[PDB]
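Only one structure is covered here, and it is reproduced in the block below.
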Amino acid sequence: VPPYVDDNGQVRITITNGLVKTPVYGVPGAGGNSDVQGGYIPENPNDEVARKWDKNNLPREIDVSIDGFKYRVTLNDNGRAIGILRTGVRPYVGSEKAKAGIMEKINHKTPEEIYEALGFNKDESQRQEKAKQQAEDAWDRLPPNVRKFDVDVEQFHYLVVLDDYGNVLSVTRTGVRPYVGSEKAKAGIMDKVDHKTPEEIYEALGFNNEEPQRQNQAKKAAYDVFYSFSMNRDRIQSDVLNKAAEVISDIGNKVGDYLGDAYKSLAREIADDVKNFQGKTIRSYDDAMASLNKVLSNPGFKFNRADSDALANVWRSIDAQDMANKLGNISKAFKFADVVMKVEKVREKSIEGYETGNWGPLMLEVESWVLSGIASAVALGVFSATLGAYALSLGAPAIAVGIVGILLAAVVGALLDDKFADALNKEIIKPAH
Ligand code: NA
């Protein structure tokens, strides 16, 4: 038609002129009649083709067929089988037809009694169990539920796999582009005269020169299609952005008590912006550093060497595994499950920060999450929540609490918006004069 999702349960994407197309969003259209590459991602979430895939418009009743028996299976809101209806029987084979004829016309048995008497119900439980499982798989193959993307970039293909929060689990090249012009002869010669493998031929013709860039494009395109489903944006909102916002809020109460309602106010601007983070991407390392340096270069913001390396001590005593399991309590998103590795690095780079005053390594580490394919929202979510967990365990400086309060607002706000650095300098730092 093309089909929305392929046989293999993958969603197709093609990038032409930097623009993304997918059968999920065609458009037959008008005619037309229909583009094989698919339709563009809709700009408006209440366009027909957008709304079509909203959670509330996905089928709850799935028709499946098992050994000739036809079932309609009802699924709940999470696509789990909570109901079944037997909608049709298997065809005779006997001689059952001649027998059924006698049962019907002579003995006046209703049709369903004919089936009982013929053993059609012997394996009824087993069939229903299969039917439900098959319906549950159909639900997982529905576009907003798809996590496997086949992406065509300049005619190379990449399988991109994502988790339920849009993080990239893998990207793998599955096809290369056809040979063009004099590449055909070159290739035929490399194969038959030189005995090169196809992989070595692709290398020699330059096919790998832009492999990193094309893979980034495919990661992005797959994410953008994944992000285009409201079902998916909403899960990220509940499980990631809302949670991170709540954590930033708690800190605002903790630190606000030792630092005034100017910080309470600021903490609430940050939390609000985290909550409304939407389709934004975290600011660059270079930009984030410049905003952080604006705070760190304030003369009114110096903490004692004793204060700093005691704050480092607290980090040193923190068990990374323990902290990660506590993050695990927030939502499914906080158990990749990496996730200890991200905590352990936040631990060791904060130590570096407190000991040396160099916060670069800490900010670089968050950049590297996103370069790895971790979604901006999740990076921000894990960074916030890890820093938060430290801030709430303190215990027991207790004006060094104000120091971490400034620092957290500084590193977190640096990822969101330069106005937070300004806010820190303008209204909470209080220097001379
Ligand atoms: Na292709």
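Cβ atoms come from the backbone with ideal geometry, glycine included; neighbour counts cover every protein chain shown. Basis: the model, the stated rules and, where named, an outside source; these are not laboratory values.
Taking (1) surrounded by 18 or more Cβ atoms within 10 Å (Cβ to Cβ); (2) assigned by CATH to the domain that holds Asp137 in turn, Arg80 satisfies each apart from (1). Restricting attention to the range 160-176, the residues that are in contact (Cβ under 8 Å) with a residue 24 or more places away in the chain and among the small types (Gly, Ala, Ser) add up to 1. Within the option set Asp194, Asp224, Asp234, being in a helix (DSSP H, G or I) and more than 23 Å from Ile15 (Cβ to Cβ) holds for one residue only, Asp234.
Applying a threshold of 8 Å to beta carbon distances and a minimum spacing of six or more residues, or different chains, the list of pairs starting in the range 138-159 at a residue that is touching a residue at least 24 places away in the same chain (Cβ under 8 Å) and outside any strand (DSSP E or B) and ending at one that is within 16 Å of the ligand (Cβ to nearest atom) and among the aliphatic types (A, V, I, L, M) reads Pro143/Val11; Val146/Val11; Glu154/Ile15.
Determine whether the range 241-250 contains at least one residue that is in a helix (DSSP H, G or I), closer than 22 Å to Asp47 by Cβ and within 13 Å of the chain's Cα centre (by Cα). Among the residues of the range 241-250, not one is in a helix (DSSP H, G or I), closer than 22 Å to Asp47 by Cβ and within 13 Å of the chain's Cα centre (by Cα), which makes the answer no.
Within the range 145-156, is there a residue that is away from the ligand (no atom under 16 Å from the Cβ) and under 30 Å from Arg86 (Cβ atoms)? Yes, there is a match, as at least one residue in the range 145-156 is away from the ligand (no atom under 16 Å from the Cβ) and under 30 Å from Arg86 (Cβ atoms).
For (1) among the hydrophobic types (A, V, I, L, M, F, W, C); (2) farther than 26 Å from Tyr4 by Cβ; (3) in contact (Cβ under 8 Å) with a residue 60 or more places away in the chain, each residue gets a yes or a no:
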| residue | (1), (2), (3) |
| --- | --- |
| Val225 | yes, no, yes |
| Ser228 | no, no, yes |
| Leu241 | yes, yes, yes |
| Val255 | yes, yes, yes |
| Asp261 | no, yes, no |
| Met289 | yes, yes, yes |
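A single entry from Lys70, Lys130, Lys109 fulfils the requirement of being in a helix (DSSP H, G or I) and either assigned by CATH to the domain that holds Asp7 or surrounded by 13 or more Cβ atoms within 10 Å (Cβ to Cβ) (or both): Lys130. With the requirement that a residue be more than 35 Å from the chain's Cα centre (by Cα) and touching a residue at least 60 places away in the same chain (Cβ under 8 Å), what does the range 398-431 give you? Within the range 398-431, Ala398, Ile399, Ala400, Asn425, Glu427, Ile428, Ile429, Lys430, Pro431 qualify.
Would you confirm whether or not the range 51-67 contains a residue that is within 23 Å of the chain's Cα centre (by Cα), closer than 22 Å to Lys148 by Cβ and hydrophobic (A, V, I, L, M, F, W, C)? For the range 51-67, residues within 23 Å of the chain's Cα centre (by Cα), closer than 22 Å to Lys148 by Cβ and hydrophobic (A, V, I, L, M, F, W, C): present.
Within the range 176-187, if we keep just the residues that are assigned to a loop (DSSP other than H, G, I, E, B) and of a type in the set (A, V, I, L, M), the residue that is farthest from the ligand (Cβ to nearest atom) turns out to be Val180. Which residue is surrounded by the fewest Cβ atoms within 10 Å (Cβ to Cβ), if the candidates are limited to the range 137-159 and must be closer than 30 Å to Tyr179 by Cβ and β-branched (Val, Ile, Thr)? Here the answer is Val153. Among the residues making up the range 28-57, those that are touching a residue at least 12 places away in the same chain (Cβ under 8 Å), hydrophobic (A, V, I, L, M, F, W, C) and part of a loop (DSSP other than H, G, I, E, B) are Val36, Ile41, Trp53.
Selection of the range 158-175 for residues being farther than 16 Å from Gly9 by Cα and within 11 Å of the ligand (Cβ to nearest atom) yields only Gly175. Exactly one residue out of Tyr202, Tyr179 is in contact (Cβ under 8 Å) with a residue 12 or more places away in the chain and either within 30 Å of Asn145 (Cβ to Cβ) or buried (at least 17 other Cβ atoms within 10 Å of the Cβ) (or both), and it is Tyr202. Scanning the range 1-24 for residues that are within 16 Å of the ligand (Cβ to nearest atom) and crowded, with 18+ Cβ neighbours inside 10 Å yields a total of 10.
Listed here are the helices (runs of 4 or more DSSP H) enclosed by the range 289-401 that have at least 3 residues being closer than 22 Å to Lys254 by Cβ, in the same structural domain as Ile429 (by CATH) and not hydrophobic (A, V, I, L, M, F, W, C): 305-317, 320-327, 340-356, 376-393.
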